[PDB]
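Protein chains in written order, with my numbering: chain P, 803 to 887; chain B, 180 to 229; chain D, 493 to 892; chain Y, 29 to 79; chain U, 396 to 422. Everything on this sheet refers to the single structure shown next.
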Amino acid sequence: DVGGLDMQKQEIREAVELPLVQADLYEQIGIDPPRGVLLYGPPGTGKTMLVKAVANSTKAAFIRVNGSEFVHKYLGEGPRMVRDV
Amino acid sequence: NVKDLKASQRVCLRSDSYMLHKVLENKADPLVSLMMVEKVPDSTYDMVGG
Amino acid sequence: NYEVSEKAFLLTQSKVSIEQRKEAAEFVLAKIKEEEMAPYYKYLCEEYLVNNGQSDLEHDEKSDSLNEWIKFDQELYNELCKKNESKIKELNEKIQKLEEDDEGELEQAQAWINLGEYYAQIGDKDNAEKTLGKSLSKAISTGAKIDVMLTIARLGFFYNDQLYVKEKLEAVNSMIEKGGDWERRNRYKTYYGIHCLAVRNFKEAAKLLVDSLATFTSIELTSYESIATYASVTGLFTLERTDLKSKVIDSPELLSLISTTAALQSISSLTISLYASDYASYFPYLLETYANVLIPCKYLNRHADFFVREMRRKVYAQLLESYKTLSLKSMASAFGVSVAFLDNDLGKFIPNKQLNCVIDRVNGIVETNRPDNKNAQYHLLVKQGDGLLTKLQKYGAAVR
Amino acid sequence: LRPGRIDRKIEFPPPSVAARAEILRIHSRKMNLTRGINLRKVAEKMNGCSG
Amino acid sequence: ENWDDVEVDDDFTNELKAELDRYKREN
């Protein structure tokens, strides 16, 4: 439903679903796959609206957790979140 | 003995008495925090021209 | 220097097409005057007896090529000695100014690189291998090792060996780093399928030798017309008829060959006759392709007629599965073949376990069968009877 | 900047027709391409791209 | 390589041209 970014949104299935399905295409190219993903900008303007749209195209196990204070301010509950996640 | 104990070595210690039992392992593999030192990097002869 | 490599070999494998040998002969005498190579031009003449249609008159009377002299004589030494010992002592003199002053890590390595490559033009044995390793130890990167690899890679057309060429380069090729290197794919996949041509596996070469990533050839390894020829010849033997339209014509390399070089003749003959399942037209194109492809072929020319007789029936064997009841003389008379010779080749394929089908002669009722059953299902265990116990009772003598 | 604290300040060559094929002659090793790729001719159609 | 590989009867050349000439002369 959300269009207009399709020029920059070509990476939705290329940077997410493509390496999980076909892993031999990156070997037939020779460039590093889009592993690290960083997105900077105002949230809620369609930046985050695209994030919630990933689960629709995927329809699989999806984990969305916002770390802000999610790490503890005292010893040992922080390391709980550092590992096992 | 004290002659065979190298500096910064992982050993074993008792719970209540804290007595040293035996030397378990050696110095940890990772050094400091962020180590960018690289010998013979990925660039050998031709990577960036000019 | 790929032209020197191919013309020093192809002349041996051609017993037909005098015009084809002239290109493998007239292009030798012209280049040997420029080069320094005495012995490797003589080794070509050392193989004479027990051959067909050579270019020289010594023991036999033939010499059917237009160039009648392949012999090595002392007349080559006129222009040979000019650039032979002059450039060796000159380039080695620059090395004296290298190790003393220790200028750069390239100049010490590039010196022997300009030597080992030039030693191939001198035609020396130990100088093109042992002394070339001096620069191999100075440069540990895999990028500079290509010249060391290409020197041994071109020995396949020099010493004429399909075995020890990759054996000496096996440790050099593998190493550690592999990755997605493009130039390494053309070097490994080309020579890999060549070694399997004697074993006749052909399956591991279908996705490697037959399938070429580069549209144009690699020069010093093989030829553009040669790399496109082996894809059609071997591809029809391995890939089925369904994969013919999904792969061979799918690749753009074939579309460029159709509109340029029609001399192969296998694109409009073996491909169309197999796709249309027409044995009548497929028969006369066997010898026409055999003459212009398999005879000039530099690899499979050794074993040819037996390789053709196998694929000759396979075109008709697949068509047999389509029809249930067919007489002997109905469509076979229009195919342009004789009934007597048709049964002779098929009669010898019975001990090879290549016929489960129904073939009859005196009556002529010809049917098809189902090679998938519970007989060949159990045959896997019988074949492993003597092969599984070979090493079990061997080393169990002193140990265990 | 002193005579012998800092000896010379090296200046790099600006990009040009021959400087646009700089990385094209190296990175093309690990990257899959075809034989119809002319490193010098395709670089003539580019601009402001060297290293 | 079994005997079928080292056999090489070299009869494929003559038998192919002969059968093509026999069919054309039956017209």
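No residue lacks a Cβ here, since even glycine has one placed at the ideal position from N, Cα and C.
Straight-line Cα distance separating residue 513 (chain D) from residue 558 (chain D): Position 66 of the third sequence, counting from 1, holds the residue named residue 558 (chain D). Position 21 of the third sequence, counting from 1, holds the residue named residue 513 (chain D). Cα to Cα, the separation comes out at about 8 angstroms.
Three-state class that DSSP yields for residue 780 (chain D) in the structure shown: As a working mapping, residue 780 (chain D) is identified with position 288 in the third sequence. Residue 780 (chain D): helix per DSSP, three-state reduction.
Test item: CB-CB of residue 603 (chain D) and residue 586 (chain D) under 8 angstroms: Position 111 of the third sequence, counted from the first residue, corresponds to residue 603 (chain D). Position 94 of the third sequence, counted from the first residue, corresponds to residue 586 (chain D). Going by C-beta atoms, residue 603 (chain D) is nearer than 8 angstroms to residue 586 (chain D).
Between the CA atoms of residue 812 (chain D) and residue 860 (chain D) - distance to the nearest angstrom: Within the third sequence, residue 860 (chain D) is the residue found at index 368, counting from 1. Within the third sequence, residue 812 (chain D) is the residue found at index 320, counting from 1. Approximately 6 angstroms, taken between the alpha carbons.
Reference residue 789 (chain P); option with closest CA among P:818, P:880 and P:869: One cannot answer for residue 789 (chain P) here, as it falls past the ends of chain P, which runs 803 to 887.
Chain Y within 8 angstroms of residue 672 (chain D), Cβ atoms only: In the third sequence, counting from the first residue as 1, residue 672 (chain D) sits at position 180. It does: the Cβ of residue 672 (chain D) has a partner Cβ on chain Y nearer than 8 angstroms.
Residues from the region 44–66 of chain Y in contact with chain D, defined by Cβ distance under 8 angstroms: Taking 8 angstroms as the Cβ-Cβ cut-off against chain D, the residues of the region 44–66 of chain Y that qualify are 56, 57, 58, 59, 60, 61, 62, 63 and 64.
Among D:530, D:633, D:831 and D:846, the one whose alpha carbon lies nearest that of residue 852 (chain D): Working through the third sequence from its first residue, we reach residue 852 (chain D) at position 360. Ranking the options by Cα distance to residue 852 (chain D), first place goes to D:831.
For residue 687 (chain D), the first and last residue of its enclosing alpha helix (DSSP H): By 1-based counting over the third sequence, the position of residue 687 (chain D) is 195. In the DSSP annotation of this structure, the continuous segment of the alpha helix (DSSP H) that includes residue 687 (chain D) starts and ends at 674–691.
Delimiting residues of the beta strand (DSSP E) encompassing residue 191 (chain B): Your numbering for residue 191 (chain B) matches position 12 in the second sequence. 190–192 is the span of the beta strand (DSSP E), which, as asked, contains residue 191 (chain B).
Test: residue 221 (chain B) CB closer than 8 angstroms to a CB of chain Y: The sequence position of residue 221 (chain B) within the second sequence is 42, counting from 1. Output row for residue 221 (chain B): interface = no.
Residue 755 (chain D) versus residue 784 (chain D): straight-line alpha-carbon distance, rounded: Position 263 of the third sequence holds residue 755 (chain D). Position 292 of the third sequence holds residue 784 (chain D). Rounded to whole angstroms, residue 755 (chain D) to residue 784 (chain D) spans 8 angstroms at the Cα level.
Under the three-state DSSP convention, the category residue 210 (chain B) falls into: For this step, residue 210 (chain B) is matched to residue 31 along the second sequence. Note: residue 210 (chain B) maps to coil in three-state DSSP.
Own chain partners of residue 540 (chain D) with C-beta closer than 7 angstroms, once the 5 adjacent residues on each side are dropped: Counting from 1 along the third sequence, the entry for residue 540 (chain D) is found at position 48. Around residue 540 (chain D): 546, 548, 550 and 551.
Min CB distance residue 42 (chain Y) to chain B below 8 angstroms: The residue given as residue 42 (chain Y) occupies position 14 in the fourth sequence. Between residue 42 (chain Y) and chain B, the shortest Cβ-Cβ separation is not below 8 angstroms.
Any C-beta of chain D under 8 angstroms from that of residue 816 (chain P): Reading the first sequence from its first residue, position 14 is the one you call residue 816 (chain P). Output row for residue 816 (chain P): interface = no.
Distance CB(residue 498 (chain D))-CB(residue 724 (chain D)) smaller than 8 angstroms: Counted from its first residue, the third sequence places residue 498 (chain D) at position 6. Counted from its first residue, the third sequence places residue 724 (chain D) at position 232. No.
CB of residue 744 (chain D) within 8 angstroms of CB of residue 615 (chain D), strictly: Position 252 of the third sequence, counted from the first residue, corresponds to residue 744 (chain D). Position 123 of the third sequence, counted from the first residue, corresponds to residue 615 (chain D). No. Outside cutoff.
Chain B residues whose Cβ lies nearer than 7 angstroms to that of residue 79 (chain Y): Residue numbering aside, residue 79 (chain Y) sits at position 51 when the fourth sequence is read from its first letter. Within chain B, the residues near residue 79 (chain Y) are 227.
Residue 629 (chain D) at chain C interface by Cβ criterion, 8 angstroms: Within the model displayed, chain C is absent; protein chains P, B, D, Y and U are what it includes.
Exposure label - residue 662 (chain D); buried when at least 16 CB within 10 Å: By 1-based counting over the third sequence, the position of residue 662 (chain D) is 170. It is exposed - the Cβ of residue 662 (chain D) has fewer than 16 other Cβ atoms within 10 Å.
8 angstroms Cβ cutoff, residue 596 (chain D) in contact with chain B: In the third sequence, residue 596 (chain D) corresponds to position 104, counting from 1. For residue 596 (chain D), the closest Cβ of chain B is not nearer than 8 angstroms.
Under 9 angstroms from the C-beta of residue 828 (chain D): neighbouring residues of chain U: Translated into positions along the third sequence, residue 828 (chain D) becomes position 336. Within chain U, the residues near residue 828 (chain D) are 414, 415, 417, 418 and 419.
Distance CB(residue 74 (chain Y))-CB(residue 674 (chain D)) smaller than 8 angstroms: The count along the fourth sequence starts at 1 and reaches residue 74 (chain Y) at position 46. The count along the third sequence starts at 1 and reaches residue 674 (chain D) at position 182. No, Cβ-Cβ distance for residue 74 (chain Y) and residue 674 (chain D) is not below 8 angstroms.
Closer than 8 angstroms at the beta carbon, the chain D residues around residue 829 (chain P): In the first sequence, counting from the first residue as 1, residue 829 (chain P) sits at position 27. Correct list: 672.
Cβ pair count under 8 angstroms reaching 3, the region 806–821 of chain P against the region 863–874 of chain P: With contact defined as three or more Cβ pairs closer than 8 angstroms, the region 806–821 of chain P and the region 863–874 of chain P are not in contact.
Contact between the region 764–775 of chain D and the region 729–741 of chain D (3+ Cβ pairs under 8 angstroms): Result yes; three or more Cβ-Cβ pairs closer than 8 angstroms.
Residues bridged to residue 199 (chain B) [DSSP beta-bridge criterion]: Translated into positions along the second sequence, residue 199 (chain B) becomes position 20. The partner list for residue 199 (chain B) (beta bridge, DSSP) reads B:192.
contact_flag[the region 747–762 of chain D, the region 773–789 of chain D] where n(CB pairs < 8 angstroms) is 3 or more: The answer is yes - the region 773–789 of chain D touches the region 747–762 of chain D, with three or more Cβ pairs under 8 angstroms.
Interface flag, residue 675 (chain D) vs chain Y, CB-CB below 8 angstroms: Position 183 of the third sequence, counted from the start, is the residue given in the question as residue 675 (chain D). Interface with chain Y (8 angstroms Cβ-Cβ cutoff): residue 675 (chain D) is included.
Segments of 4+ residues assigned as alpha helix (DSSP H) that fall wholly inside the region 733–787 of chain D: Listed in chain order, the complete alpha helix (DSSP H) runs (minimum 4 residues) inside the region 733–787 of chain D are 744–750, 762–767, 771–774 and 776–781.
Residue nearest to residue 583 (chain D) in terms of C-alpha spacing, selected from D:599, D:568, D:573 and D:595: To locate residue 583 (chain D), count along the third sequence from 1; it is residue 91. Of the candidates D:599, D:568, D:573 and D:595, the one whose C-alpha sits nearest the C-alpha of residue 583 (chain D) is D:599.
Residue environment, residue 193 (chain B), which counts as buried when at least 16 other CB atoms sit within 10 Å: Within the second sequence, the letter at position 14 stands for residue 193 (chain B). With fewer than 16 other Cβ atoms inside 10 Å of its own Cβ, residue 193 (chain B) counts as exposed.
Counterpart residues of residue 818 (chain D) in DSSP-defined beta bridges: Start at 1 with the first residue of the third sequence, and residue 818 (chain D) comes out as number 326. Paired residues: D:858.
Residues bridged to residue 850 (chain D) (per DSSP): Walking along the third sequence from the start, residue 850 (chain D) turns up at place 358. Among the bridge pairs identified by DSSP, residue 850 (chain D) is matched with D:859.
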